[PDB]
file entry15.pdb (PDB, C-alpha atoms and all ligand atoms)
ATOM      1  CA  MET H   1       6.627 -14.967   9.407
ATOM      2  CA  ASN H   2       3.689 -17.128  10.400
ATOM      3  CA  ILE H   3       2.747 -20.113  12.519
ATOM      4  CA  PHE H   4       3.881 -22.639   9.980
ATOM      5  CA  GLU H   5       7.309 -21.152   9.411
ATOM      6  CA  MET H   6       7.646 -20.481  13.114
ATOM      7  CA  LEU H   7       7.086 -24.171  14.119
ATOM      8  CA  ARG H   8       9.133 -25.420  11.106
ATOM      9  CA  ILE H   9      11.989 -23.552  12.563
ATOM     10  CA  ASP H  10      11.515 -24.741  16.052
ATOM     11  CA  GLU H  11      10.829 -28.433  15.252
ATOM     12  CA  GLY H  12      12.968 -28.979  12.181
ATOM     13  CA  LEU H  13      12.072 -31.610   9.528
ATOM     14  CA  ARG H  14      13.162 -35.312   9.684
ATOM     15  CA  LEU H  15      11.912 -37.921   7.267
ATOM     16  CA  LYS H  16      12.893 -40.888   9.385
ATOM     17  CA  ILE H  17      11.626 -41.925  12.793
ATOM     18  CA  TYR H  18      13.715 -40.149  15.470
ATOM     19  CA  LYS H  19      13.506 -39.552  19.171
ATOM     20  CA  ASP H  20      12.574 -36.068  20.316
ATOM     21  CA  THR H  21      14.273 -34.216  23.241
ATOM     22  CA  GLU H  22      12.163 -36.311  25.654
ATOM     23  CA  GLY H  23      13.254 -39.559  23.874
ATOM     24  CA  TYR H  24       9.936 -40.277  22.327
ATOM     25  CA  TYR H  25       9.499 -41.510  18.832
ATOM     26  CA  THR H  26       8.597 -38.727  16.455
ATOM     27  CA  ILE H  27       8.627 -37.977  12.779
ATOM     28  CA  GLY H  28       8.421 -35.055  10.335
ATOM     29  CA  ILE H  29       7.806 -31.657  11.794
ATOM     30  CA  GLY H  30       7.571 -32.620  15.371
ATOM     31  CA  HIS H  31       4.747 -35.202  14.898
ATOM     32  CA  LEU H  32       4.909 -37.370  18.062
ATOM     33  CA  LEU H  33       4.115 -40.900  17.220
ATOM     34  CA  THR H  34       4.258 -42.540  20.635
ATOM     35  CA  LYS H  35       5.422 -42.345  24.347
ATOM     36  CA  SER H  36       6.211 -46.057  24.074
ATOM     37  CA  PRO H  37       9.757 -47.363  23.940
ATOM     38  CA  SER H  38       8.820 -49.719  21.131
ATOM     39  CA  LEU H  39      10.009 -48.928  17.759
ATOM     40  CA  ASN H  40       7.562 -51.337  16.309
ATOM     41  CA  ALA H  41       4.844 -49.659  18.105
ATOM     42  CA  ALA H  42       6.076 -46.337  16.719
ATOM     43  CA  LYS H  43       6.243 -47.824  13.237
ATOM     44  CA  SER H  44       2.715 -49.056  13.719
ATOM     45  CA  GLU H  45       1.474 -45.642  14.668
ATOM     46  CA  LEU H  46       3.327 -44.149  11.725
ATOM     47  CA  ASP H  47       1.645 -46.514   9.081
ATOM     48  CA  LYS H  48      -1.743 -45.917  10.577
ATOM     49  CA  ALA H  49      -1.218 -42.137  10.423
ATOM     50  CA  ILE H  50       0.013 -42.174   6.832
ATOM     51  CA  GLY H  51      -2.183 -44.811   5.406
ATOM     52  CA  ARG H  52       0.570 -47.085   4.016
ATOM     53  CA  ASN H  53       3.379 -49.309   4.913
ATOM     54  CA  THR H  54       6.095 -46.863   5.406
ATOM     55  CA  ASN H  55       8.814 -48.894   6.912
ATOM     56  CA  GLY H  56       9.480 -45.749   9.109
ATOM     57  CA  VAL H  57      10.294 -43.392   6.320
ATOM     58  CA  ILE H  58       7.932 -40.785   4.750
ATOM     59  CA  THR H  59       8.169 -38.202   2.044
ATOM     60  CA  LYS H  60       8.301 -34.405   2.462
ATOM     61  CA  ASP H  61       4.747 -34.048   1.339
ATOM     62  CA  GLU H  62       3.559 -36.654   3.909
ATOM     63  CA  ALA H  63       5.421 -34.773   6.581
ATOM     64  CA  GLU H  64       3.859 -31.431   5.599
ATOM     65  CA  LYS H  65       0.520 -33.173   5.523
ATOM     66  CA  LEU H  66       0.812 -34.325   9.143
ATOM     67  CA  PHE H  67       2.067 -30.813  10.074
ATOM     68  CA  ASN H  68      -0.996 -29.116   8.681
ATOM     69  CA  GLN H  69      -3.224 -31.513  10.497
ATOM     70  CA  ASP H  70      -1.302 -30.970  13.706
ATOM     71  CA  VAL H  71      -1.422 -27.220  13.492
ATOM     72  CA  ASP H  72      -5.161 -27.261  12.684
ATOM     73  CA  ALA H  73      -5.721 -29.598  15.675
ATOM     74  CA  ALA H  74      -3.765 -27.376  17.931
ATOM     75  CA  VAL H  75      -5.802 -24.385  17.125
ATOM     76  CA  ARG H  76      -9.069 -26.204  17.432
ATOM     77  CA  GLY H  77      -7.932 -27.540  20.807
ATOM     78  CA  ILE H  78      -7.369 -24.023  22.044
ATOM     79  CA  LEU H  79     -10.786 -22.835  20.850
ATOM     80  CA  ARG H  80     -12.490 -25.788  22.440
ATOM     81  CA  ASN H  81     -10.680 -25.239  25.791
ATOM     82  CA  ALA H  82     -12.373 -22.999  28.336
ATOM     83  CA  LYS H  83      -9.244 -22.042  29.999
ATOM     84  CA  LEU H  84      -7.541 -21.257  26.757
ATOM     85  CA  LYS H  85     -10.002 -19.679  24.462
ATOM     86  CA  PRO H  86     -10.420 -16.487  26.311
ATOM     87  CA  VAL H  87      -6.785 -15.916  26.431
ATOM     88  CA  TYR H  88      -6.388 -16.625  22.833
ATOM     89  CA  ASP H  89      -9.184 -14.373  21.724
ATOM     90  CA  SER H  90      -7.657 -11.567  23.917
ATOM     91  CA  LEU H  91      -4.427 -11.640  21.955
ATOM     92  CA  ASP H  92      -3.057  -9.954  18.819
ATOM     93  CA  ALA H  93      -2.050 -12.221  15.875
ATOM     94  CA  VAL H  94       1.671 -12.515  16.765
ATOM     95  CA  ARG H  95       1.075 -13.513  20.447
ATOM     96  CA  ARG H  96      -1.598 -15.951  19.278
ATOM     97  CA  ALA H  97       1.142 -17.786  17.274
ATOM     98  CA  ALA H  98       3.179 -17.940  20.452
ATOM     99  CA  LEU H  99       0.373 -19.705  22.231
ATOM    100  CA  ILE H 100      -0.236 -22.108  19.365
ATOM    101  CA  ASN H 101       3.443 -22.956  19.504
ATOM    102  CA  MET H 102       3.250 -23.858  23.162
ATOM    103  CA  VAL H 103       0.175 -26.045  22.688
ATOM    104  CA  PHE H 104       1.718 -27.812  19.733
ATOM    105  CA  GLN H 105       4.771 -28.620  21.841
ATOM    106  CA  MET H 106       3.144 -29.467  25.045
ATOM    107  CA  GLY H 107      -0.520 -30.207  24.645
ATOM    108  CA  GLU H 108      -3.581 -28.255  25.685
ATOM    109  CA  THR H 109      -3.384 -29.687  28.999
ATOM    110  CA  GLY H 110       0.197 -28.855  29.668
ATOM    111  CA  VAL H 111      -0.437 -25.306  28.666
ATOM    112  CA  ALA H 112      -3.676 -24.860  30.528
ATOM    113  CA  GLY H 113      -1.430 -25.354  33.758
ATOM    114  CA  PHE H 114       0.393 -22.044  33.048
ATOM    115  CA  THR H 115      -2.493 -20.559  34.734
ATOM    116  CA  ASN H 116      -0.687 -17.717  36.273
ATOM    117  CA  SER H 117       1.165 -16.794  33.077
ATOM    118  CA  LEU H 118      -2.098 -17.138  31.271
ATOM    119  CA  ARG H 119      -3.766 -14.608  33.572
ATOM    120  CA  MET H 120      -0.965 -11.962  33.277
ATOM    121  CA  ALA H 121      -1.101 -12.275  29.548
ATOM    122  CA  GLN H 122      -4.787 -11.810  29.556
ATOM    123  CA  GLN H 123      -4.100  -8.589  31.475
ATOM    124  CA  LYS H 124      -1.443  -7.598  28.917
ATOM    125  CA  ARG H 125       1.293  -7.571  31.663
ATOM    126  CA  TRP H 126       3.914  -8.801  29.149
ATOM    127  CA  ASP H 127       7.029  -8.559  31.249
ATOM    128  CA  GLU H 128       5.565 -10.298  34.152
ATOM    129  CA  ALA H 129       4.159 -13.064  32.026
ATOM    130  CA  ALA H 130       7.606 -13.544  30.521
ATOM    131  CA  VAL H 131       9.148 -13.979  33.815
ATOM    132  CA  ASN H 132       6.541 -16.394  35.012
ATOM    133  CA  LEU H 133       6.659 -18.434  31.882
ATOM    134  CA  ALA H 134      10.384 -18.973  32.454
ATOM    135  CA  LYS H 135       9.865 -20.568  35.849
ATOM    136  CA  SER H 136       9.062 -23.833  34.308
ATOM    137  CA  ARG H 137      10.330 -27.270  33.493
ATOM    138  CA  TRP H 138       9.668 -26.235  29.858
ATOM    139  CA  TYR H 139      12.159 -23.464  30.023
ATOM    140  CA  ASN H 140      14.766 -25.459  31.848
ATOM    141  CA  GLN H 141      14.622 -28.448  29.397
ATOM    142  CA  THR H 142      14.431 -26.570  26.104
ATOM    143  CA  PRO H 143      15.672 -23.055  26.989
ATOM    144  CA  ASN H 144      16.599 -21.741  23.411
ATOM    145  CA  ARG H 145      13.208 -22.554  22.035
ATOM    146  CA  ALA H 146      11.461 -21.491  25.115
ATOM    147  CA  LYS H 147      13.290 -18.138  24.961
ATOM    148  CA  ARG H 148      12.150 -17.609  21.401
ATOM    149  CA  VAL H 149       8.561 -18.315  22.273
ATOM    150  CA  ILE H 150       8.680 -16.211  25.430
ATOM    151  CA  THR H 151      10.180 -13.191  23.630
ATOM    152  CA  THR H 152       7.367 -13.522  21.070
ATOM    153  CA  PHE H 153       4.763 -13.462  23.768
ATOM    154  CA  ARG H 154       6.338 -10.635  25.442
ATOM    155  CA  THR H 155       6.936  -8.398  22.546
ATOM    156  CA  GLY H 156       4.236  -9.218  20.085
ATOM    157  CA  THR H 157       6.969  -9.188  17.276
ATOM    158  CA  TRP H 158       8.909 -11.909  15.171
ATOM    159  CA  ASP H 159      12.289 -10.618  16.356
ATOM    160  CA  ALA H 160      13.388 -13.848  18.001
ATOM    161  CA  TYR H 161      12.789 -15.595  14.786
ATOM    162  CA  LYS H 162      15.046 -13.433  12.614
TER     163      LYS H 162
HETATM  164 CL    CL M   1      -2.393 -38.729  12.802
HETATM  165 CL    CL M   2      15.501 -25.536  22.766
END
call {"tool": "encode", "arguments": {"input": "entry15.pdb", "output": "structure tokens", "more": "lines below"}}
Ligand SMILES: [Cl-]
Ligand SMILES: [Cl-]
result
Amino acid sequence: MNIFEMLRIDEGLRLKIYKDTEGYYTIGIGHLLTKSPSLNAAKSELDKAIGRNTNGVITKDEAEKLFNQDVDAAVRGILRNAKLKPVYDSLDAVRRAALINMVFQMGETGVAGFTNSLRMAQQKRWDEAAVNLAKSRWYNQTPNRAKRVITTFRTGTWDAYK
């Protein structure tokens, strides 16, 4: 298990534009294209991202390409964030993947507002963090995923993903 396989499981893989759980246009392995309700807009963002006229359809390789970029960006976002970096560097490799997952799903910003959970984790108070993380819109809107991510953070193992 690793970050790539972990997110591939949580996000799935779709080669045609689709709407995510929030109703926004997305493609591939959870690559958000736009918050706009315009499909044309979304198609515009897709073509720009891929470098061709896709007509809203991409290949597997193109999808995996975007995924790599997205993961890399996520990580760099964490390291560049003052709120995040210290937590990240305090963690073991498994829990680090849990935090990348969250950023990938919700943005640096969104995650940096789990301040309290962030602090407990820094302190290695796993159970408490777990409970606090669950008191969130995140958990109530996508509970199965959120549970997987939260057990990961809490235990430091890949159990939820088996
Ligand atoms: Cl892009
Ligand atoms: Cl879910």
call {"tool": "residues_near_ligand", "arguments": {"input": "entry15.pdb", "ligand": "ligand CL 2 (chain M)", "cutoff": "12 Å", "atoms": "all atoms listed in the file", "output": "number ranges by chain"}}
result
H: 9-12, 20-22, 105, 138-150
call {"tool": "resolve_selection", "arguments": {"input": "entry15.pdb", "expression": "the PyMOL selection byres (((chain H and resi 1-8) around 12) and not hetatm)", "output": "PyMOL selection string"}}
result
chain H and resi 9-14+28-31+63-65+67-72+74-75+93-105+145+148-149+152+157-162
call {"tool": "resolve_selection", "arguments": {"input": "entry15.pdb", "expression": "the PyMOL selection byres (((not hetatm)) within 8 of (chain M and resi 1))", "output": "PDB file with C-alpha atoms, in the frame of the given file"}}
result
ATOM      1  CA  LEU H  46       3.327 -44.149  11.725  1.00  0.00           C
ATOM      2  CA  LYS H  48      -1.743 -45.917  10.577  1.00  0.00           C
ATOM      3  CA  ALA H  49      -1.218 -42.137  10.423  1.00  0.00           C
ATOM      4  CA  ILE H  50       0.013 -42.174   6.832  1.00  0.00           C
ATOM      5  CA  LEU H  66       0.812 -34.325   9.143  1.00  0.00           C
ATOM      6  CA  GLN H  69      -3.224 -31.513  10.497  1.00  0.00           C
ATOM      7  CA  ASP H  70      -1.302 -30.970  13.706  1.00  0.00           C
TER       8      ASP H  70
END
call {"tool": "resolve_selection", "arguments": {"input": "entry15.pdb", "expression": "the PyMOL selection byres (((chain H and resi 58) around 6) and not hetatm)", "output": "PDB file with C-alpha atoms, in the coordinates of the input"}}
result
ATOM      1  CA  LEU H  15      11.912 -37.921   7.267  1.00  0.00           C
ATOM      2  CA  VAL H  57      10.294 -43.392   6.320  1.00  0.00           C
ATOM      3  CA  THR H  59       8.169 -38.202   2.044  1.00  0.00           C
TER       4      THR H  59
END
call {"tool": "closest_residue", "arguments": {"input": "entry15.pdb", "among": "H:42, H:106, H:78, H:91", "to": "residue 125 in chain H", "atoms": "all atoms listed in the file"}}
result
H:91
call {"tool": "closest_atom_pairs", "arguments": {"input": "entry15.pdb", "of": "range 135-160 of chain H", "to": "range 111-116 of chain H", "cutoff": "12 Å", "atoms": "only C-alpha atoms", "output": "CSV"}}
result
residue,atom,partner,partner_atom,distance
H:135,CA,H:114,CA,10.0
H:136,CA,H:114,CA,8.9
H:137,CA,H:114,CA,11.2
H:138,CA,H:111,CA,10.2
call {"tool": "closest_residue", "arguments": {"input": "entry15.pdb", "among": "H:156, H:84, H:24, H:17", "to": "residue 110 in chain H", "atoms": "all atoms listed in the file"}}
result
H:84
call {"tool": "atom_distance", "arguments": {"input": "entry15.pdb", "atom1": "CA of residue 122 in chain H", "atom2": "CA of residue 90 in chain H"}}
result
6.3 Å
call {"tool": "atom_distance", "arguments": {"input": "entry15.pdb", "atom1": "CA of residue 154 in chain H", "atom2": "CA of residue 126 in chain H"}}
result
4.8 Å
call {"tool": "axis_aligned_box", "arguments": {"input": "entry15.pdb", "around": "range 85-95 of chain H", "padding_each_side": "3 Å", "output": "AutoDock Vina command-line options"}}
result
--center_x -4.4 --center_y -14.8 --center_z 21.2 --size_x 18.1 --size_y 15.7 --size_z 16.6
call {"tool": "atom_distance", "arguments": {"input": "entry15.pdb", "atom1": "CA of residue 35 in chain H", "atom2": "CA of residue 54 in chain H"}}
result
19.5 Å
call {"tool": "closest_residue", "arguments": {"input": "entry15.pdb", "among": "H:81, H:16, H:34, H:107", "to": "residue 55 in chain H", "atoms": "all atoms listed in the file"}}
result
H:16
call {"tool": "closest_residue", "arguments": {"input": "entry15.pdb", "among": "H:51, H:119, H:60, H:23", "to": "residue 38 in chain H", "atoms": "all atoms listed in the file"}}
result
H:23
call {"tool": "closest_residue", "arguments": {"input": "entry15.pdb", "among": "H:26, H:123, H:109, H:117", "to": "residue 82 in chain H", "atoms": "only C-alpha atoms"}}
result
H:109
call {"tool": "closest_residue", "arguments": {"input": "entry15.pdb", "among": "H:40, H:79, H:33, H:153", "to": "residue 129 in chain H", "atoms": "all atoms listed in the file"}}
result
H:153
call {"tool": "build_atoms", "arguments": {"input": "entry15.pdb", "residues": "range 87-110 of chain H", "atoms": "N, CA and C atoms", "output": "short mmCIF file (atom, residue, chain, number, x, y, z; two decimals), in the frame of the given file"}}
result
data_model
loop_
_atom_site.label_atom_id
_atom_site.label_comp_id
_atom_site.auth_asym_id
_atom_site.auth_seq_id
_atom_site.Cartn_x
_atom_site.Cartn_y
_atom_site.Cartn_z
N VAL H 87 -8.06 -16.64 26.49
CA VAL H 87 -6.78 -15.92 26.43
C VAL H 87 -6.44 -15.59 24.99
N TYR H 88 -6.65 -16.62 24.26
CA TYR H 88 -6.39 -16.62 22.83
C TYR H 88 -7.09 -15.51 22.13
N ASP H 89 -8.38 -15.45 22.36
CA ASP H 89 -9.18 -14.37 21.72
C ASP H 89 -8.74 -12.99 22.24
N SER H 90 -8.07 -12.89 23.45
CA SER H 90 -7.66 -11.57 23.92
C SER H 90 -6.40 -11.06 23.20
N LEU H 91 -5.72 -11.99 22.56
CA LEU H 91 -4.43 -11.64 21.96
C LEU H 91 -4.41 -11.13 20.54
N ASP H 92 -3.33 -10.39 20.23
CA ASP H 92 -3.06 -9.95 18.82
C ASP H 92 -2.53 -11.20 18.03
N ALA H 93 -2.43 -11.11 16.70
CA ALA H 93 -2.05 -12.22 15.88
C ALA H 93 -0.69 -12.83 16.17
N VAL H 94 0.35 -12.00 16.46
CA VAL H 94 1.67 -12.52 16.76
C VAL H 94 1.66 -13.38 18.07
N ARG H 95 1.13 -12.80 19.18
CA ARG H 95 1.08 -13.51 20.45
C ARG H 95 0.23 -14.73 20.33
N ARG H 96 -0.81 -14.72 19.49
CA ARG H 96 -1.60 -15.95 19.28
C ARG H 96 -0.71 -17.14 18.77
N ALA H 97 0.20 -16.81 17.82
CA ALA H 97 1.14 -17.79 17.27
C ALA H 97 2.01 -18.30 18.39
N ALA H 98 2.35 -17.42 19.34
CA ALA H 98 3.18 -17.94 20.45
C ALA H 98 2.40 -19.01 21.29
N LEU H 99 1.11 -18.78 21.43
CA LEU H 99 0.37 -19.70 22.23
C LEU H 99 0.10 -20.95 21.46
N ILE H 100 -0.02 -20.86 20.14
CA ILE H 100 -0.24 -22.11 19.36
C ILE H 100 1.02 -22.96 19.48
N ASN H 101 2.17 -22.26 19.38
CA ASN H 101 3.44 -22.96 19.50
C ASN H 101 3.52 -23.80 20.78
N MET H 102 3.20 -23.16 21.91
CA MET H 102 3.25 -23.86 23.16
C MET H 102 2.32 -25.08 23.17
N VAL H 103 1.09 -24.92 22.68
CA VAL H 103 0.18 -26.04 22.69
C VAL H 103 0.67 -27.21 21.82
N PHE H 104 1.13 -26.86 20.64
CA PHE H 104 1.72 -27.81 19.73
C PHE H 104 2.82 -28.62 20.47
N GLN H 105 3.68 -27.95 21.22
CA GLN H 105 4.77 -28.62 21.84
C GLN H 105 4.30 -29.43 23.05
N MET H 106 3.50 -28.82 23.83
CA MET H 106 3.14 -29.47 25.04
C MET H 106 1.72 -29.90 25.26
N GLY H 107 0.79 -29.78 24.31
CA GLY H 107 -0.52 -30.21 24.64
C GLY H 107 -1.21 -29.13 25.46
N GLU H 108 -2.52 -29.13 25.20
CA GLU H 108 -3.58 -28.26 25.68
C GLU H 108 -3.54 -28.21 27.19
N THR H 109 -3.41 -29.42 27.64
CA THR H 109 -3.38 -29.69 29.00
C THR H 109 -2.23 -29.03 29.65
N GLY H 110 -1.04 -29.36 29.12
CA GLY H 110 0.20 -28.86 29.67
C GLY H 110 0.12 -27.35 29.76
#
